[PDB]
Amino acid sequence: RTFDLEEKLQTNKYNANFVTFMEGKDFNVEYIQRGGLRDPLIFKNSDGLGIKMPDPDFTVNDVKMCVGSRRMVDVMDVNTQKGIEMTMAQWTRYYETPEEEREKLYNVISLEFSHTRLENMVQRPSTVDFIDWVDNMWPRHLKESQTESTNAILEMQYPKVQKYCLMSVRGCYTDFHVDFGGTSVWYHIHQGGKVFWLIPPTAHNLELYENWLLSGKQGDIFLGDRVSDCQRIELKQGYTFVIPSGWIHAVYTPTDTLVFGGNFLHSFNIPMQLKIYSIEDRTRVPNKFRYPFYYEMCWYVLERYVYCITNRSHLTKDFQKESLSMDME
């Protein structure tokens, strides 16, 4: 890059006030119904959230053991923001290498560990379960049929994007971006800390963001500098962070960190979710970095609402019986 990341962490110009600090027991369905989840939320503690996390001294090797030593993972080259691939055993080997000996900066932010031993060790904030489209919209018998622990597309039976394990070494940086499908994000710092640059998804900023992508000079321009309002917020250990749909953010890792989080679509900001999808469309984002079965999920959402309200089903007879069979469990 050409810009100085160091000063971007020192300056006080990113003093916008977007984030809201909340109590877990205040984060319920009624709150989403009142606000539509438009504001970034931070929970300084876990009380009331209903989350479950592994042992506080959980290691990367423990992650390997739970997902498999030969599990292929998507690794990010920090310097180029490109993507490479190695086994969890190789990644663990790199992560366990002393800080001053690492030949390069690598970042793992895309380890989806659903349907592994790690799955039941980590639990989403309870409220997310009530609104997540995957848990409430997608056909249940399809999701329950999932056996593959990797995100291979041919074996994927549903949007497998609910549980991610992020492992970052000190110095890791993720440039500005909007999570796929315009999904909202829950972000829990298990060990370490993160530094976030936040940008509101206004019409002007989304346009600025898109042109910034097509520009190709994303490594020559700090996006937080050419918007009117940006906030740099530091996330500490034990913190839970909820990112609303469409929010442009970059992230820095001031120390070796272990994060558990996930994405989700909900019914309270569909327009913005569709906005972000079209941006992905126009910027030619490869399908591998996008929300799987996006439009299929959208079709299923319409069916659920129509049925839950008018009692008229638009599923096939076979799909209706599949659901009816599960209602009798």
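Start at 1 and count along the sequence shown; that's the residue number.
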Which of 215-223 and 126-134 has higher mean CA B factor, as the PDB entry lists it: 215-223
Given 206-214 and 100-108, the range whose Cα B-factors average higher in the PDB entry: 100-108
Pick out which of 175, 179, 85, 256 has the highest C-alpha B-factor in the PDB entry. 85
Note to self: of 76, 169, 142, 165, the C-alpha temperature factor tops out at 76
Of the three thirds of Cα B-factor ranks in this chain, residue 18 occupies the middle
Is residue 31 in the lowest, middle or highest third of its chain when residues are ranked by C-alpha B-factor? highest
Please rank the C-alpha B-factors of the chain's modelled residues and tell me whether residue 55 sits in the lowest, middle or highest third. middle
Among all modelled residues of this chain, ranked by Cα B factor, put residue 308 in the bottom, middle or top third, i.e. lowest, middle or highest. middle
Third of the chain's Cα B-factor distribution that residue 296 belongs to, per the entry: lowest
